[PDB]
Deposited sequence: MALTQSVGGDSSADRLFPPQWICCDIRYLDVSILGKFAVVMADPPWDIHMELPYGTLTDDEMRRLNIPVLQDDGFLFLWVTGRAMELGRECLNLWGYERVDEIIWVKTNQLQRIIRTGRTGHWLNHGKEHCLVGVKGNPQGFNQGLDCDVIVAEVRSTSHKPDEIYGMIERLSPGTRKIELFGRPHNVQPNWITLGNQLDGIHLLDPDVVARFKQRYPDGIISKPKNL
């Protein structure tokens, strides 16, 4: 396929092996930082990220102590952190919004394997973009990711409905149902889930 595809699920229990391999993985996990539904450090570590890629890039949003924990997961999952994107949060007039006020959020960039034919170096590691609803990450990241790896398959973990994009498969527990068009995926999903949906 090519249009937006998505799967409402609990990413802890979805057999993500049915989805194949992706040139890019992005994740915005609900880290258990010390309010509205999180994953424990051990659940985060146990996520079956390693099957999602052979050669490519992971994009991992972090805040607070997830800056360190996200580096742990990133390494445990088999990635080397090779970059770190900073989103500078502004208002509609391009002004920036414990010890210090936070003007930014962080997105770790991991590499796995050896990717070839990515257009490394087209974008710079700073995003300047408007804050929208709480936790809503900036859309610019999709353009950066598309220029870096045009036309390849990509998968977002913990996406909400507004995160769905062409060439992406979005997984999240606030998506509406299951919308799959890639026939290879549709076939592997019906094999693993004939009656639709499961747990553990």
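Handout entry: Chain regions without C-alpha coordinates, deposited sequence numbering
Key = Absent from the structure are positions 1-15, 50-52, 116-121, 225-228.
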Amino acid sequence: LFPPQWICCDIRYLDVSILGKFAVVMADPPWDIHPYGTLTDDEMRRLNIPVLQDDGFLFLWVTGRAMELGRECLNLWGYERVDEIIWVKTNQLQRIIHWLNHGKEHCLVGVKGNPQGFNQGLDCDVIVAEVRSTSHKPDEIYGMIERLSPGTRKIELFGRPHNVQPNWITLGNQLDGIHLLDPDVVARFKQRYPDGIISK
From here on, numbers count along this sequence of modelled residues.
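Take the two forms, superpose them, and find the largest set of C-alpha atoms that agree within 1.5 Å; that set is the rigid core.
Practice task
Superpose on the core, then say which of 132-140 and 23-31 ends up with the larger RMS Cα offset from this form in 4 other deposited structures of this protein.
Solution key: Stretch with the higher C-alpha RMS distance in 4 other deposited structures of this protein: 132-140.
Practice task
Take the C-alpha B-factors listed in the entry for 36-44 and for 66-74, compute each mean, and give the stretch with the larger one.
Solution key: In the deposited entry, the stretch with the higher C-alpha B-factor mean is 36-44.
Practice task
Look over 122-130 and 88-96 in the entry and identify the one with the greater average Cα temperature factor.
Solution key: Comparing 122-130 with 88-96, the higher average CA B-factor belongs to 88-96.
Problem - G113 - Cα temperature factor, lowest/middle/highest third of chain - result: Middle third.
Exercise for the section: Sorting the chain's modelled residues by C-alpha B-factor, tell me whether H102 ends up in the lowest, middle or highest third. Expected result: Highest third - that is where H102 ends up once the chain's C-alpha B-factors are sorted.
Problem - Relative C-alpha B-factor of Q174, binned into the chain's lowest, middle or highest third - result: Middle third, going by the recorded CA B-factors of the chain.
Exercise for the section: Sorting the chain's modelled residues by C-alpha B-factor, tell me whether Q165 ends up in the lowest, middle or highest third. Expected result: Its C-alpha B-factor, which the entry lists for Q165, ranks in the middle third among residues of this chain.
Problem - CA B-factor placement of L14, once the chain's modelled residues are sorted into thirds - result: Answer is highest: the recorded C-alpha B-factor places it there.
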